[PDB]
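# Before I ask anything, here's the sequence and the deposited coordinates:
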Amino acid sequence: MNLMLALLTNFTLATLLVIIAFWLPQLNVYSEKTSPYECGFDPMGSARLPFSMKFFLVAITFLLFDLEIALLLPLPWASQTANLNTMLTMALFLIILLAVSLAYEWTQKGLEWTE
Amino acid sequence: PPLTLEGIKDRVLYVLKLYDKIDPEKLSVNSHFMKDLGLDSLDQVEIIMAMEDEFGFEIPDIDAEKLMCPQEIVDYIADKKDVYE
Amino acid sequence: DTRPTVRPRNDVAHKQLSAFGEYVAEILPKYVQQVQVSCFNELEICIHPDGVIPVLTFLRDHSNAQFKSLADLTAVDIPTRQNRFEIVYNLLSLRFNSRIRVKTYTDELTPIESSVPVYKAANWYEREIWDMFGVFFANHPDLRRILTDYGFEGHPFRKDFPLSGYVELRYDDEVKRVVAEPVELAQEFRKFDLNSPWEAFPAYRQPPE
Amino acid sequence: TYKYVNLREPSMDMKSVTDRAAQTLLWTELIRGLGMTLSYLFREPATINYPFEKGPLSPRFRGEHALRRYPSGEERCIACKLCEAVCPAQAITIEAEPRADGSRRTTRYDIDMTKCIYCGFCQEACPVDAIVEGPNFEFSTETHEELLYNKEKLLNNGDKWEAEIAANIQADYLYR
Amino acid sequence: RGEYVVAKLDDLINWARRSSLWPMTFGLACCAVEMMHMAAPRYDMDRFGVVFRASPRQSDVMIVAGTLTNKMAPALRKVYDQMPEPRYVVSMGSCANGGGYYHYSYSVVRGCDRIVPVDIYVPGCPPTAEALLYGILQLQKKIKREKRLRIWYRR
Amino acid sequence: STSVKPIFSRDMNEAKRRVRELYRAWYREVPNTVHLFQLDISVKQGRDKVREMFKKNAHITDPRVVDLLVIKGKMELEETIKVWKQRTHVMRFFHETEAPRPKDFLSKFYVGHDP
Ligand SMILES: CCCCCCCCCCCCCCCCCC(=O)OC[C@H](COP(=O)([O-])OCC[N+](C)(C)C)OC(=O)CCCCCCCCCCCCCCCCC
Ligand code: SF4
Ligand code: SF4
Ligand code: SF4
């Protein structure tokens, strides 16, 4: 109840500020004012053209790494069990393989951006 | 479909009928662009340049140099595309 | 050299530079047309415009020269000459601590060979000459205007180009863009005639016609 | 003579290697830079409280142009037109005619202050100390036309700024 | 009375605009160094609320600090047009004010007032940092005298 | 004496080949130019203007001069194609603001002293 009410207020306040911004001020619209900016010279193309990604491999590696925090985040709760020896072995196993994943990518020049 | 000698002439004359500088019934397959229709060279470049778009193949300047008649254009297109009916 | 106000003379350089001029003329007779050394000790080699690459390459690479740096490359417009444009190459030799000037000529329509193969510095210098004087350098990587505005017609540094040009720019609200119009000046440039009617330097007196 | 700016090789003893490792891991040199910015924070700022405080100037300062007078009140200018001839910007326009008393005086003396480069050549060329670049620099305008100065404007500036102008000349005329 | 309200509201909107003038990071030549010196410790334009921002969209003032050539002129109008209103232009130096010492050149616009409107002209070559500051403060006073809402009430 | 170094063409026939080739490139490029620069003219208007510029010099008979005019044209093509130019530069060929100037004796006589 209180969370939803707080979220509504926080975003509503922002929207009111934007509405004030677009309506209170005096406006004078003409084609050149509303033109794309490229330091005073008209753009020589479209911003919607392909923009090459030189860190594509690191980006994909992020998805795999970003999951294993979900596997590792429960560890504070897991350290609360009575079968600690099995845990500690498995917790360190999971972290150590993430290190092995990092090393293989690192040593195979996967962390270097393409030209 | 495979191009025909008659078909090429039909499409070639079709383009030139659309050229605002050429009078349609004055246009003939044996009509010289210079001596008869009264067109200049820059116009001839435009005309050939339209055929390239029409038939989707490029005619070099040495060969487009000489095509001063619709029939000559038709023959050149036929020669490149191997049309003999 | 005890005259307080008069520039000292260095004859050692004059003898050295003069000999090197004889050295170049002997080695490159096919192109060298004149060699002169000035009172303030600077050597100038004057060549046929067909020896630009041979002469420049020799000066760059010969072991008794090694002019590895192209300090400047420019042009001068002299309308009275039938070949109005004088192309000047100024070169620096770090090995021998020396400078040499190479001069050649061309006209409005005759091209000069690009020196980019010899010095990669010449790329922009040659573009400037084309833009400002209208001299065409053949076999240039990319010859295009460098200093003048896009679409500017004319070659400003020619002596026959008006100082204020032929067109001027302003913003027109009707078309909502900057437009070019013929030049009208609120105050015309005032041409001052400063030359004195009395000769100043006898040593340069030109022989009577 | 020459010196090498970056041609030193490091020491490979363990103490040196360890010290560099600490620098790498504990960011010592970066912390060092933070100290300098901290020292400057406790230094007095160099700011002056303009317009209540002004930046220092010298008697030679080249500012707003003025036309001067002899102590009698007579204009110093004699229309020699040396200022017009030396002006690198062609900013000065002068027309002269004989005055009703036969004196060589100007009917026009116009300076386009949007052509001027404030070089002071016109006060060097003047043989009678008539045209001077004064001390003032606070004459910004809301329009271009207000910066096209005529003879009356330049004379009013002289009568406006004469006390300061004369004193500065007294200080620097021995260097000139 | 509504003539009192608009007057005080007009004072507020003028006070905010003159107390937060954001110049576009835009210079052309050797009047720009003296603009840097107005941003430097001795004069500190920041203490007046004057903050340099690169984008035209986040700018209130264009200070034309240098010689406007013909190649450059279209670009200057573009960034000006891209500035949201209200916008003001300060012309700094002889070259921008009227072409100055290149006034008779084929490649020079004989004043920036041909391309864009100008509110303040700062004379000099270069104007001193103190003289530019006098011009900025003079622009502030010009805004203080604006009567946009008083005119609206009487419109 | 008349023996002179050429630029590219050795005869007017070889030069007129380059003029025609240049007209082809310009004729293809007007449709893109109108679209890219967002001009308010028609493609026919632009292609007419190209014809006018090529017609102005329709009297020359020197191979070297024609080569230079072709060189200058090709430079203007690189500028327009690569959008080095701007809308103000492309529209300067059309002289829109210049009000028509009188071209008869009486009209010149009424206005001023010029020939
Ligand atoms: C004792 C029982 C067993 C337990 C032992 C536990 C381990 C203890 C020993 C571990 C040492 C770890 C050292 C710290 C981590 C090292 C970080 C590192 O990798 O640095 C290398 C990196 C990289 O340095 P580099 O220059 O060498 O980078 C190249 C790296 N090589 C050559 C290897 C390829 O350094 C930095 O992180 C620079 C950061 C720049 C941003 C700095 C901003 C200023 C910050 C200043 C304030 C800092 C204080 C903040 C305090 C906050 C308070 C809330
Ligand atoms: S200061 Fe220099 S530029 Fe200015 S008016 Fe005097 S001579 Fe001319
Ligand atoms: S140099 Fe001095 S006296 Fe001569 S015209 Fe100029 S201001 Fe007058
Ligand atoms: S007005 Fe003066 S400081 Fe500014 S660009 Fe021109 S010469 Fe330089």
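Everything's here; your move. Numbers count the residues shown, from 1 in each chain, chains lettered A, B, ... in the order given. Ligands and ions are numbered 1, 2, ... in the order given.

# Please, which helix or strand holds the residue lying closest to residue A:72 once chain neighbours are set aside?
Spatial nearest neighbour of residue A:72, chain neighbours left out: residue A:94 (6.4 Å); criterion: C-beta to C-beta, 6 or more residues apart in numbering or on different chains. All C-beta atoms are positioned from the backbone trio N, CA, C, and that covers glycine. Secondary structure from DSSP states H and E places residue A:94 in helix A:84-107.

# Give the other helices and strands that that helix contacts.
helix A:56-72, helix A:75-78 (3 or more C-beta pairs under 8 Å, 6 or more residues apart in numbering or on different chains; DSSP states H and E).

# Can you point out the buried residues in the longest one?
For helix A:56-72, the buried set under the neighbour-count rule, 16 or more other C-beta atoms under 10 Å in any protein chain shown, comprises A:57, A:61.

# now that helix and helix A:84-107, what's the angle there?
Angle, helix A:56-72 to helix A:84-107, by axes from the mean of the first three to the mean of the last three C-alpha atoms, to 10 degrees: 170 degrees.

# what sits up against helix A:56-72?
Residues from elsewhere that reach helix A:56-72 (C-beta atoms under 8 Å, 6 or more residues apart in numbering or on different chains): A:53, A:91, A:94-95, A:98, A:101, A:105, A:110-111, A:113-114.

# hmm, 10 Å instead?
A:53, A:55, A:78, A:91, A:94-95, A:97-98, A:101-102, A:105, A:108-114 (C-beta atoms under 10 Å, 6 or more residues apart in numbering or on different chains).

# Now tell me what touches the helix holding residue A:94 from outside.
Helix A:84-107 is contacted from outside by A:57-58, A:61, A:64-65, A:68-69, A:71-72, A:74-75, A:78-81, A:110-112, using C-beta under 10 Å, 6+ apart.

# how far away is the residue nearest to residue A:72 from residue A:101?
Distance, residue A:94 to residue A:101, using C-beta to C-beta, to the nearest Å: 11 Å.

# repeat for residue C:163
Where residue A:101 is concerned, residue C:163 sits at a distance of 71 Å (C-beta to C-beta).

# who has more neighbours, those two?
Between residue C:163 and residue A:101, counted using other C-beta atoms under 10 Å in any protein chain shown, the more crowded position is residue A:101 (14 against 10).

# ok, the more buried one to residue A:90 distance?
Applying C-beta to C-beta to residue A:101 and residue A:90 gives a distance of 17 Å.

# Equivalent analysis for residue A:96, please.
Separation of residue A:96 from residue A:90 (C-beta to C-beta): 11 Å.

# just residue C:154 next, same as before
Going from residue C:154 to residue A:90 by C-beta to C-beta gives 81 Å.

# and the residue nearest to residue A:72, how many neighbours does it have?
Applying other C-beta under 10 Å, we find 13 residues neighbouring residue A:94.

# cool, the one 5 residues further on as well?
Close neighbours of residue A:99, defined as other C-beta under 10 Å, add up to 10.

# can you count the residues close to whatever residue of chain B ends up closest to chain C?
Residue nearest to chain C within chain B: residue B:42 (21.8 Å; C-beta to the nearest C-beta). Residue B:42 has 16 neighbours, counted by other C-beta under 10 Å.

# Then the one 3 residues further on?
Summarising burial for residue B:45: neighbours were counted as other C-beta under 10 Å, giving 19.

# Counting by contacts, list what the helix or strand it falls within packs against.
Per DSSP H and E: residue B:45 is located in helix B:41-55. Applying 3 or more C-beta pairs under 10 Å, 6 or more residues apart in numbering or on different chains; DSSP states H and E, we find helix B:41-55 packed against helix B:5-18, helix B:61-64, helix B:70-81, helix F:12-37, helix F:43-56.

# Show me the one of those helices that comes nearest residue A:1.
helix F:12-37 (56.3 Å; C-beta to C-beta).

# do the closest one and chain E meet?
No - judged by C-beta under 10 Å from any C-beta of the partner chain, helix F:12-37 and chain E are separated, with a smallest distance of 12.4 Å.
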